[PDB]
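**Student:** Below is the sequence, then the experimental coordinates.
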Protein chains: 2
Amino acid sequence: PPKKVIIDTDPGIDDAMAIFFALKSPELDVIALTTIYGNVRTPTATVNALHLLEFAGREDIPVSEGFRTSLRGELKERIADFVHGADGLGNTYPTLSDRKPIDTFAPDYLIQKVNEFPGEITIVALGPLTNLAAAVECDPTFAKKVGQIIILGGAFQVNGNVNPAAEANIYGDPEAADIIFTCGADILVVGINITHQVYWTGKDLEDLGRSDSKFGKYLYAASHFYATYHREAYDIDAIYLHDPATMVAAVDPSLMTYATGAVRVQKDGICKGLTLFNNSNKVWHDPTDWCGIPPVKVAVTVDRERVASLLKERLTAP
Amino acid sequence: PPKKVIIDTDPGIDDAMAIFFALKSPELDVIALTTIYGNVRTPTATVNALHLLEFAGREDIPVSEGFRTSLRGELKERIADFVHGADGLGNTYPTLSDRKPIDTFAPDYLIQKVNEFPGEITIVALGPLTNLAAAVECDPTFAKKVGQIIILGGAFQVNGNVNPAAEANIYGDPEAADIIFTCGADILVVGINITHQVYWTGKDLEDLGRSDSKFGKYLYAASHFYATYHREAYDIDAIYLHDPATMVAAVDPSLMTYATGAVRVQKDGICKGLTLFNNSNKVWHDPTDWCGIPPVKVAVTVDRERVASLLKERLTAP
Ligand SMILES: [Ca+2]
Ligand SMILES: [Ca+2]
């Protein structure tokens, strides 16, 4: 102990929460941060990630910029700001600096660091799986060299958040998602089916704002825009803790129950970005597209009280 | 009372069970039977349907042959016999018969009978929706003229039976299924999510065989092959009552709880034949492929004890 962690992020209010919680968790050693599109454009994500690490004081942590488009060159310029704001940090508009990313490309850096520490690195994917899929396509030995891949993505036997069928991160790059779910690495999938159970009320956010914590006060300011979205889209006085709940699985995986089986992603619409899990011990009078696919651990149940309490005692502590 | 019923079937051991139960239910008046592919080839389905009505004594009931291929001419010759047998009636090989179908094509007959009795006819679709979709494509006023369409098909937030994503009847013709779920008729969907709750153990089958009922004894003989399939595919000493549970909804719909919303079908693989339901409910910031789609009633919960008891007291009665 502690475990080495690389975080594939698109900051992102919920991403910032997860980044800060990882930096406040002694059981994790944040070795690096890799940026990707999603909530914000890849250059915006880099700017925000560099800024968050400056605020955290952990300036030692390198920031490696990744894919600006999808794996198959689908342009990711011009993206929705109704969830995370124009700046991507809930319209707080921080006074960002001149600090620059580590010039090495994120998939190239991912392969580099995993060969350096085989079976030690735990990649927490908090955005589209493009950077990870590129690393898999580049080096075929990458999948067996990674310690574990904790993915925030998918809607397992539940409706999606982008459209009724798909979840954001998977809808971002369905080709890249299918590559990862089939790559054969130690994979832990945290879908919206379980993140929708982990939420913080207006009072929980208020408690974080009132707290004498540098991070708690910061996150409360960014939360305002994210809270107004949930209030108009889901009509709830609470925010779903997507990315920070995924970070909890890296800290303590005992707080979740997992089901082992194969996961496949539909790449073409209407159901583009749909994640389908096969935990059906019916296996299978004629082979299916889930037959002979490496199994992955998919989170089924959460200890919502213990997850939300840990993501508070850490973010409220001075 | 009673309600006029047309049954779109592919007999089929479970289909035979539903046919017999409908013929033993005084609240339903089986006006006609329309054949389709699925478990068996369309000509085989016709032969079996004519035979079942002969055995039931109800020779007055016309049999109208339908589509031999999918709606878009996808050939349905050469189909799996591991579930219903070579004959389609659990390898019992009955002593059929020179009786012939009513020369009118099933979609043509469906439009004819619905114009004859508008808002009276209840179509119970126990096979692929090809015959019904052709009727919708032919006459646009058909959807509003039908009394109700009770569909056995789909896997709503659960794994499929053909492959982990799709259910048999919907996988048979995904184009036809999407036409029906969008047609705007009074639709009641009974998916495998609820039929997997309604099952009969080996003892239940034994009770049906021991019974002094013509139908019960017949169904027990055909059940042997269907039972051996469930024992090797699902590894259970029970058979899922798919088609007969759908017939129960026609008899007494109170035994099921329904959710109103839009249903769309994925036509191209990996998730070909997937049925996706949108709770409606749901506020969507940007229109989706479920927005502006006519809502349908989807069965959520069953009274498994009362469904299996009714499908026994009727099939055991002499
Ligand atoms: Ca994210
Ligand atoms: Ca059937």
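**Tutor:** All right, it came through fine. Numbering: from 1, shown residues only, chains lettered A, B, ... in the order given. Ligands and ions are numbered 1, 2, ... in the order given.

**Student:** For the stretch 201-318 of chain A, which residue gets nearest to ligand 1?
**Tutor:** Closest residue of the stretch 201-318 of chain A to ligand 1, C-beta to the ion: residue A:243 (4.9 Å). The way it works is simple: take the backbone N, C-alpha and C, and place the C-beta from them, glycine included.

**Student:** hang on, that residue is in a strand, isn't it?
**Tutor:** No. Counting by DSSP: H, G, I helix; E, B strand; the rest coil, one finds residue A:243 to be helix, located in no strand.

**Student:** isn't it right up against residue A:18?
**Tutor:** Yes. With contacts counted by C-beta atoms under 8 Å, residue A:243 reaches residue A:18, the gap being 3.9 Å.

**Student:** Which one of these two is surrounded by more residues?
**Tutor:** residue A:243 (29 against 26; other C-beta atoms under 10 Å in any protein chain shown).

**Student:** list the contacts for the more buried one?
**Tutor:** For residue A:243, the contacting residues are A:9, A:12, A:14, A:15, A:17, A:18, A:126, A:152, by C-beta atoms under 8 Å, 6 or more residues apart in numbering or on different chains.

**Student:** right, and the secondary structure at the third one would be what?
**Tutor:** Per three-state DSSP, the secondary structure class of residue A:14 is helix.

**Student:** Which helix or which strand is home to residue A:228?
**Tutor:** helix A:214-233 (DSSP states H and E).

**Student:** In the stretch 1-150 of chain A, mark out all the helices, start to finish.
**Tutor:** With DSSP state H, counting those that start in this stretch, the ranges of helices along the stretch 1-150 of chain A come out as A:13-23, A:42-56, A:106-116, A:130-138, A:142-145.

**Student:** Among the contacts of residue A:243, which pair sits farthest apart?
**Tutor:** Using C-beta to C-beta, the pair of the contacts of residue A:243 lying farthest apart is A:17 and A:152, separated by 11.8 Å.

**Student:** do you know how far the closest residue to residue A:202 other than its chain neighbours is from ligand 2?
**Tutor:** With C-beta to C-beta, 6 or more residues apart in numbering or on different chains as the criterion, residue A:202 has its nearest non-adjacent residue at 4.7 Å, and that residue is residue A:237. Using C-beta to the ion, to the nearest Å, residue A:237 is found at 47 Å from ligand 2.

**Student:** Verify the stated contact: residue A:237 with residue A:199.
**Tutor:** No. Under the criterion of C-beta under 8 Å, residue A:237 makes no contact with residue A:199, lying 9.9 Å away.

**Student:** Between these two, point out the one with more neighbours.
**Tutor:** More neighbours surround residue A:199 than the other of residue A:237 and residue A:199, with 20 against 12 (other C-beta under 10 Å).

**Student:** For beta bridges, what are the partners of the nearest residue to that one once chain neighbours are set aside?
**Tutor:** Spatial nearest neighbour of residue A:199, chain neighbours left out: residue A:238 (4.4 Å); criterion: C-beta to C-beta, 6+ apart. Residues in a beta bridge with residue A:238, per DSSP bridges, are residue A:201.

**Student:** Number of residues surrounding residue A:238?
**Tutor:** With other C-beta under 10 Å as criterion, residue A:238 counts 16.

**Student:** Would you check that my belief about it contacting residue A:197 is correct?
**Tutor:** No. Applying C-beta under 8 Å as the test, residue A:238 and residue A:197 come out as separate, 11.5 Å apart.

**Student:** count of residues packed around the closest residue to ligand 2 within the stretch 151-300 of chain A?
**Tutor:** Here the stretch 151-300 of chain A gets closest to ligand 2 at one residue, residue A:285, 16.8 Å apart by C-beta to the ion. A total of 13 residues lie near residue A:285 under the criterion other C-beta under 10 Å.

**Student:** Please name the residues that touch it.
**Tutor:** Residue A:285 neighbours (C-beta under 8 Å, 6+ apart): B:80, B:82, B:233.

**Student:** let's see 7 Å
**Tutor:** When contacts are counted by C-beta atoms under 7 Å, 6 or more residues apart in numbering or on different chains, residue A:285 touches B:82, B:233.

**Student:** Over to residue A:256?
**Tutor:** Residue A:256 neighbours (C-beta under 7 Å, 6+ apart): A:194, A:249, A:299, A:301, A:302.

**Student:** is it fair to say the fourth one lies in a helix?
**Tutor:** No. When three-state DSSP is applied, residue A:301 is found to be strand, with no helix at that position.

**Student:** Going along the chain, name the strands of the stretch 51-200 of chain A.
**Tutor:** Remark: strands assigned in the stretch 51-200 of chain A by DSSP state E, counting those that start in this stretch are A:63-65, A:121-125, A:148-152, A:187-190, A:199-201.

**Student:** what's the burial count for the closest residue to residue A:218 other than its chain neighbours?
**Tutor:** Nearest residue to residue A:218 in three dimensions, chain neighbours excluded: residue A:55, at 6.6 Å (C-beta to C-beta, 6+ apart). Applying other C-beta under 10 Å, we find 17 residues neighbouring residue A:55.

**Student:** Kindly report the residues of the stretch 201-318 of chain A close to ligand 1.
**Tutor:** The stretch 201-318 of chain A comes close to ligand 1 at residues residue A:243, as judged by C-beta under 5 Å from the ion.

**Student:** Any buried residues in the longest strand along chain A, and which?
**Tutor:** Longest strand in chain A, counting residues (DSSP state E): strand A:256-265. By neighbour count on 16 or more other C-beta atoms under 10 Å in any protein chain shown, the buried set for strand A:256-265 is A:256, A:258, A:259, A:261, A:262, A:263, A:264, A:265.

**Student:** which residue packs closest to the third one, ignoring adjacent ones?
**Tutor:** Excluding its sequence neighbours, the residue lying closest to residue A:259 (C-beta to C-beta, 6+ apart) is residue A:279, at 4.5 Å.

**Student:** Need phi/psi at that neighbour.
**Tutor:** When read as degrees, to the nearest 10, the backbone of residue A:279 gives phi -130, psi 60.

**Student:** Closest to residue A:44 out of the contacts of residue A:256?
**Tutor:** Comparing the contacts of residue A:256 against residue A:44 with C-beta to C-beta places residue A:249 closest, at 26.5 Å.

**Student:** isn't the closest one right up against residue A:190?
**Tutor:** Yes. Counting by C-beta atoms under 7 Å, residue A:249 touches residue A:190, with 5.7 Å between them.

**Student:** So those two - more neighbours on which side?
**Tutor:** Remark: of residue A:249 and residue A:190, residue A:190 carries more neighbours, 31 against 26, as counted by other C-beta under 10 Å.

**Student:** what comes into contact with stretch A:66-81?
**Tutor:** Under C-beta under 7 Å, 6+ apart, the answer for stretch A:66-81 is A:34-37, A:41-42, A:105-107, A:130-131, A:133-134, A:173, A:175-176.

**Student:** nope, stretch A:7-14 is what I meant
**Tutor:** Taking C-beta under 7 Å, 6+ apart as the rule, stretch A:7-14 contacts A:15, A:19, A:22, A:30, A:33-40, A:45, A:48-49, A:52, A:84, A:88-90, A:123-127, A:131-132, A:222-223, A:226, A:241-244.

**Student:** That'll do, ta.
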